[PDB]
Amino acid sequence: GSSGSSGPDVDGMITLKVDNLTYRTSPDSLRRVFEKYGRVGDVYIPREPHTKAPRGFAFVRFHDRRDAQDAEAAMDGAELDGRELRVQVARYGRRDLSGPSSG
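Residues in the sequence shown are numbered from 1 upward in steps of one, following the authors' numbering.
Next comes the structure, spelled out in structure tokens:
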């Protein structure tokens, strides 16, 4: 099969990483931070290997590949919580995959 549909399936939605997030932060808030531009498919906040606490960065899924790009630049580089929140895409895990180049 060759990917070419949408709806009842998720190929690989865009993922945005948000660092400099204080404990006070929660799925709701983090969800309202992006929801402003583009709804959030899912919200996850990794924790310490031992302690169940937001290590430091969070994961936010999006629907389109545009909204995310906007919130990324817009947010990243703003004055929040008395600091410069790092709202950008994850470090690793490319959103693309090798395969049929021409087909």
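Built from N, CA and C at the ideal position, the CB exists for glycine as well.
Spatial neighbours of residue i in its chain, beta-carbon cut-off 8 Å, leaving aside the 5 residues before and after
| i | result |
| --- | --- |
| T25 | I45, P54 and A58 |
| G56 | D19, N20 and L21 |
| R91 | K17 |
| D81 | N20 and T22 |
When the options are compared against residue i, the one with the closest alpha-carbon
| i | options | result |
| --- | --- | --- |
| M75 | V10, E35 and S2 | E35 |
| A73 | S2, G7 and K17 | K17 |
| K52 | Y23, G82 and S102 | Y23 |
| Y37 | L80, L97, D11 and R65 | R65 |
Spatial distance of residue i from residue j (CA atoms)
| i | j | result |
| --- | --- | --- |
| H63 | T15 | 10 Å |
| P100 | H50 | 42 Å |
| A78 | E84 | 6 Å |
| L30 | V43 | 8 Å |
| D9 | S102 | 24 Å |
| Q88 | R95 | 14 Å |
| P27 | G1 | 35 Å |
| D11 | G93 | 14 Å |
Close Cβ partners of residue i (< 7 Å) along its chain, the five nearest in sequence each way excluded
| i | result |
| --- | --- |
| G41 | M13, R61, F62 and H63 |
Close-in-space but distant-in-sequence residues of the same chain around residue i (CB under 6 Å, 5 per side omitted)
| i | result |
| --- | --- |
| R86 | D19 and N20 |
| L97 | none |
Bridge-paired residues (DSSP) for residue i
| i | result |
| --- | --- |
| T15 | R61 |
The ligand ZN heavy atom lying under 6 Å from the CB of residue i
| i | result |
| --- | --- |
| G12 | Questions concerning the ligand ZN fall outside what the structure shown contains, since it holds no ligand whatsoever. |
- Decide yes or no for the touch test of the segment 65-72 against the segment 3-12: beta carbon pairs closer than 8 Å, at least 3 of them. Short answer: they don't touch.
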